[PDB]
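Trainee: One file: coords27.tsv (TSV, C-alpha atoms).
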chain	number	residue	atom	x	y	z
A	1144	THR	CA	20.57	-4.39	-2.63
A	1145	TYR	CA	16.97	-5.03	-1.62
A	1146	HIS	CA	15.03	-7.83	-3.28
A	1147	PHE	CA	11.71	-8.61	-1.65
A	1148	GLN	CA	9.24	-11.46	-1.51
A	1149	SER	CA	5.80	-11.20	0.04
A	1150	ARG	CA	3.11	-13.48	1.42
A	1151	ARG	CA	-0.44	-13.09	2.63
A	1152	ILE	CA	-0.79	-11.78	6.17
A	1153	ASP	CA	-1.37	-14.29	8.99
A	1154	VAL	CA	-3.13	-12.48	11.83
A	1155	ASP	CA	-2.28	-15.17	14.39
A	1156	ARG	CA	1.44	-14.45	14.09
A	1157	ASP	CA	1.78	-11.05	12.35
A	1158	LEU	CA	-0.47	-9.11	14.76
A	1159	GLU	CA	2.24	-8.19	17.28
A	1160	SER	CA	4.53	-6.83	14.55
A	1161	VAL	CA	1.85	-4.87	12.71
A	1162	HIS	CA	0.53	-3.35	15.94
A	1163	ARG	CA	4.08	-2.29	16.85
A	1164	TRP	CA	4.64	-0.71	13.44
A	1165	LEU	CA	1.34	1.19	13.65
A	1166	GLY	CA	2.51	2.68	16.96
A	1167	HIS	CA	5.66	4.23	15.54
A	1168	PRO	CA	5.31	8.00	14.92
A	1169	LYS	CA	6.56	7.59	11.36
A	1170	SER	CA	3.34	5.59	10.73
A	1171	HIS	CA	1.09	8.40	11.97
A	1172	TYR	CA	-0.83	8.75	8.68
A	1173	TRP	CA	-2.31	5.30	9.35
A	1174	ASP	CA	-4.05	6.96	12.32
A	1175	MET	CA	-3.55	3.92	14.60
A	1176	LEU	CA	-0.88	5.26	16.96
A	1177	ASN	CA	-2.87	4.40	20.11
A	1178	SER	CA	-4.68	1.31	18.83
A	1179	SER	CA	-5.10	-1.89	20.80
A	1180	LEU	CA	-4.27	-5.39	19.56
A	1181	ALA	CA	-8.01	-5.97	19.08
A	1182	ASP	CA	-8.24	-2.82	16.96
A	1183	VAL	CA	-5.43	-4.02	14.72
A	1184	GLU	CA	-6.91	-7.51	14.50
A	1185	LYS	CA	-10.14	-5.91	13.27
A	1186	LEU	CA	-8.20	-3.80	10.75
A	1187	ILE	CA	-6.52	-6.92	9.34
A	1188	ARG	CA	-9.68	-9.05	9.34
A	1189	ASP	CA	-11.71	-6.31	7.63
A	1190	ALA	CA	-9.00	-5.94	4.98
A	1191	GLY	CA	-9.31	-9.67	4.30
A	1192	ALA	CA	-13.10	-9.83	4.11
A	1193	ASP	CA	-13.73	-8.99	0.47
A	1194	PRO	CA	-15.35	-11.80	-1.52
A	1195	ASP	CA	-12.50	-11.59	-4.10
A	1196	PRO	CA	-9.28	-13.32	-2.98
A	1197	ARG	CA	-7.03	-10.81	-4.79
A	1198	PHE	CA	-7.64	-8.26	-2.00
A	1199	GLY	CA	-6.07	-8.32	1.46
A	1200	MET	CA	-2.94	-7.45	3.37
A	1201	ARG	CA	0.48	-8.89	2.55
A	1202	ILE	CA	3.81	-8.90	4.42
A	1203	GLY	CA	7.12	-8.27	2.65
A	1204	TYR	CA	10.33	-10.09	3.57
A	1205	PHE	CA	14.05	-9.67	3.04
A	1206	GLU	CA	16.78	-11.87	4.55
A	1207	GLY	CA	14.11	-13.69	6.59
A	1208	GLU	CA	12.84	-10.54	8.32
A	1209	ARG	CA	9.59	-8.62	7.96
A	1210	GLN	CA	10.08	-5.34	6.12
A	1211	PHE	CA	6.63	-3.85	5.41
A	1212	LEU	CA	2.93	-4.48	5.08
A	1213	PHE	CA	0.84	-3.60	2.07
A	1214	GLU	CA	-2.90	-3.72	1.45
A	1215	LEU	CA	-4.45	-4.30	-1.95
A	1216	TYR	CA	-8.04	-3.23	-1.43
A	1217	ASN	CA	-11.31	-3.04	-3.28
A	1218	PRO	CA	-11.99	0.60	-4.22
A	1219	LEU	CA	-15.75	-0.01	-4.05
A	1220	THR	CA	-15.58	-0.56	-0.26
A	1221	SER	CA	-13.31	2.42	0.44
A	1222	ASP	CA	-13.58	6.18	0.80
A	1223	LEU	CA	-12.93	6.35	-2.96
A	1224	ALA	CA	-16.47	5.16	-3.59
A	1225	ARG	CA	-18.17	7.87	-1.55
A	1226	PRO	CA	-20.55	9.73	-3.91
A	1227	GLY	CA	-19.00	12.83	-5.43
A	1228	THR	CA	-15.28	12.17	-4.90
A	1229	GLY	CA	-14.57	12.25	-8.62
A	1230	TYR	CA	-13.21	8.70	-8.67
A	1231	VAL	CA	-14.29	6.88	-11.84
A	1232	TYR	CA	-14.18	3.16	-11.09
A	1233	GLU	CA	-12.77	0.83	-13.72
A	1234	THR	CA	-12.85	-2.96	-13.63
A	1235	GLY	CA	-9.46	-4.11	-12.48
A	1236	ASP	CA	-8.79	-1.13	-10.24
A	1237	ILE	CA	-7.00	-2.00	-7.01
A	1238	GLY	CA	-6.41	0.39	-4.14
A	1239	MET	CA	-3.09	0.32	-2.31
A	1240	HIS	CA	-1.78	1.23	1.13
A	1241	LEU	CA	1.79	0.75	2.42
A	1242	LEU	CA	3.06	0.50	6.01
A	1243	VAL	CA	6.82	0.22	6.52
A	1244	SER	CA	8.20	-1.58	9.56
A	1245	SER	CA	9.33	0.43	12.55
A	1246	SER	CA	12.99	-0.51	11.94
A	1247	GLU	CA	15.13	2.49	11.09
A	1248	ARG	CA	18.26	0.76	9.72
A	1249	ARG	CA	17.88	0.72	5.93
A	1250	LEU	CA	20.12	0.25	2.92
A	1251	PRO	CA	19.94	2.77	0.05
A	1252	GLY	CA	16.71	2.91	-1.92
A	1253	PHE	CA	14.52	0.98	0.52
A	1254	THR	CA	11.15	2.57	-0.26
A	1255	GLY	CA	11.76	2.57	-4.01
A	1256	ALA	CA	12.40	-1.15	-3.94
A	1257	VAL	CA	9.34	-1.61	-1.69
A	1258	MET	CA	7.12	0.33	-4.08
A	1259	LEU	CA	8.39	-1.54	-7.15
A	1260	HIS	CA	7.67	-4.88	-5.47
A	1261	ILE	CA	4.16	-3.82	-4.43
A	1262	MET	CA	3.29	-2.49	-7.86
A	1263	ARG	CA	4.58	-5.60	-9.65
A	1264	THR	CA	2.53	-7.69	-7.22
A	1265	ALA	CA	-0.60	-5.64	-7.89
A	1266	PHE	CA	-0.32	-5.78	-11.68
A	1267	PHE	CA	1.18	-9.24	-12.28
A	1268	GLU	CA	-0.02	-11.33	-9.33
A	1269	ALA	CA	-3.32	-9.64	-8.42
A	1270	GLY	CA	-4.41	-8.77	-11.97
A	1271	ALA	CA	-4.77	-5.01	-11.53
A	1272	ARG	CA	-5.16	-2.90	-14.63
A	1273	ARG	CA	-4.71	0.28	-12.53
A	1274	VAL	CA	-3.62	1.06	-8.97
A	1275	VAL	CA	-5.53	3.81	-7.17
A	1276	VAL	CA	-4.27	5.70	-4.12
A	1277	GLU	CA	-5.80	8.36	-1.88
A	1278	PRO	CA	-3.18	9.61	0.62
A	1279	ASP	CA	-3.64	12.74	2.67
A	1280	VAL	CA	-2.63	15.79	0.60
A	1281	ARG	CA	-0.13	16.65	3.34
A	1282	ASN	CA	1.74	13.31	3.07
A	1283	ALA	CA	4.48	14.60	0.80
A	1284	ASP	CA	6.63	11.48	1.24
A	1285	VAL	CA	3.95	9.27	-0.31
A	1286	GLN	CA	3.42	11.75	-3.16
A	1287	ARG	CA	7.08	11.51	-4.09
A	1288	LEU	CA	7.02	7.71	-3.83
A	1289	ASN	CA	3.93	7.59	-6.05
A	1290	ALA	CA	5.50	9.81	-8.70
A	1291	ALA	CA	8.61	7.60	-8.67
A	1292	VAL	CA	6.62	4.67	-10.09
A	1293	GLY	CA	4.40	6.55	-12.56
A	1294	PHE	CA	1.33	7.69	-10.64
A	1295	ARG	CA	-0.48	10.71	-12.03
A	1296	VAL	CA	-2.53	13.00	-9.78
A	1297	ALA	CA	-6.20	13.15	-10.77
A	1298	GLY	CA	-7.40	15.67	-8.19
A	1299	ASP	CA	-8.14	16.25	-4.53
A	1300	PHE	CA	-11.30	15.29	-2.68
A	1301	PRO	CA	-12.57	16.08	0.82
A	1302	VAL	CA	-12.98	13.54	3.55
A	1303	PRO	CA	-14.24	14.45	7.02
A	1304	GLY	CA	-11.09	15.64	8.79
A	1305	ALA	CA	-8.68	15.93	5.87
A	1306	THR	CA	-8.21	16.21	2.11
A	1307	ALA	CA	-7.18	13.24	-0.03
A	1308	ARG	CA	-5.13	13.40	-3.21
A	1309	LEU	CA	-6.43	10.87	-5.74
A	1310	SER	CA	-3.75	9.41	-8.00
A	1311	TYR	CA	-3.81	6.62	-10.57
A	1312	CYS	CA	-1.10	4.34	-11.97
A	1313	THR	CA	-2.13	2.39	-15.04
A	1314	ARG	CA	-0.28	-0.78	-15.93
A	1315	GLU	CA	0.95	0.96	-19.11
A	1316	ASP	CA	2.24	4.02	-17.25
A	1317	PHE	CA	4.04	1.77	-14.75
A	1318	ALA	CA	5.67	-0.19	-17.57
A	1319	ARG	CA	6.92	3.00	-19.24
A	1320	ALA	CA	7.97	4.87	-16.10
A	1321	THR	CA	9.84	2.01	-14.42
A	1322	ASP	CA	11.06	-0.09	-17.38
A	1323	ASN	CA	8.62	-2.85	-16.42
A	1324	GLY	CA	9.20	-2.53	-12.67
A	1325	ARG	CA	13.01	-2.44	-12.75
A	1326	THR	CA	13.85	1.14	-11.82
A	1327	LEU	CA	12.30	4.40	-10.72
A	1328	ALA	CA	11.04	7.09	-13.07
A	1329	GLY	CA	13.80	8.97	-14.87
Taking this structure as input, can you express it in the form of structure tokens?
Mentor:
Amino acid sequence: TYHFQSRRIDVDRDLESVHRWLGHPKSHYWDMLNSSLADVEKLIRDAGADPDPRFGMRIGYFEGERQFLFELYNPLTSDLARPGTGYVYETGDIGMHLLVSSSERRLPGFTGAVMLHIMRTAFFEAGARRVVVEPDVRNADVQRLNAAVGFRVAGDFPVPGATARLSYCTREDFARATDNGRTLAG
């Protein structure tokens, strides 16, 4: 079964992989399908530029191989903080994005194990009191993955080009829904 570890991203040696993953059609909601290496370097460097070290991109591993990327980001420098979205910032909020690798050979329950690892990392390594996400309303896969670990939908908000669905996962809801990060809801 999957058991993951993660480390901080290292642009000098993860760039080729991340750029490749962002080019796979399954990654299309990242909106980087035609990006250059420079574009992806900027993406990674910007994600690492917050003053607080808890934020940044991480790479997940299993059996010595890269499996996914995740970003724990500062809500105050994201679309969430645009005036009028309805987001109510709380100290300890951390935003999250996930990018799976372009490999298509997976054992059962891959994304559930990925999401449990990310959420445990956010709450127990990065100190989050709540994880905040804002996927496109059309990204049904992510909505199901969110619900599986205890996210509750707060509402939808417009961005230029699309509509985002704002969801929250408090540390308490995660603990109850997943038995402390062990299993998926229900």
Trainee: Give me the range 1192-1249 of chain A side of the contact with range 1264-1271 of chain A, cut-off 7 Å, one line per residue showing its nearest atom pair and distance in Å at one decimal, counting only C-alpha atoms, sorted by chain and residue number, as JSON lines.
Mentor:
{"residue": "A:1197", "atom": "CA", "partner": "A:1269", "partner_atom": "CA", "distance": 5.3}
{"residue": "A:1235", "atom": "CA", "partner": "A:1271", "partner_atom": "CA", "distance": 4.9}
{"residue": "A:1236", "atom": "CA", "partner": "A:1271", "partner_atom": "CA", "distance": 5.7}
{"residue": "A:1237", "atom": "CA", "partner": "A:1271", "partner_atom": "CA", "distance": 5.9}
Trainee: Measuring between only C-alpha atoms, which one of A:1178, A:1284, A:1233, A:1292 shows the shortest distance to residue 1325 in chain A?
Mentor: A:1292
Trainee: To one decimal place in Å, what is the distance between CA of residue 1185 in chain A and CA of residue 1209 in chain A?
Mentor: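 These atoms are spaced 20.6 Å apart.
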Trainee: For residue 1296 in chain A, find every residue with an atom within 8 Å (counting all atoms listed in the file), except residues of its own chain fewer than 2 positions away, and show them as a short mmCIF file (atom, residue, chain, number, x, y, z; two decimals) with C-alpha atoms, in the frame of the given file.
Mentor:
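What ended up in around.cif:
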data_model
loop_
_atom_site.label_atom_id
_atom_site.label_comp_id
_atom_site.auth_asym_id
_atom_site.auth_seq_id
_atom_site.Cartn_x
_atom_site.Cartn_y
_atom_site.Cartn_z
CA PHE A 1294 1.33 7.69 -10.64
CA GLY A 1298 -7.40 15.67 -8.19
CA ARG A 1308 -5.13 13.40 -3.21
CA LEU A 1309 -6.43 10.87 -5.74
CA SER A 1310 -3.75 9.41 -8.00
CA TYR A 1311 -3.81 6.62 -10.57
#
Trainee: May I have the residues within 12 Å of residue 1250 in chain A as a count of residues only, using all atoms listed in the file and disregarding those fewer than 6 positions away in the same chain?
Mentor: 7
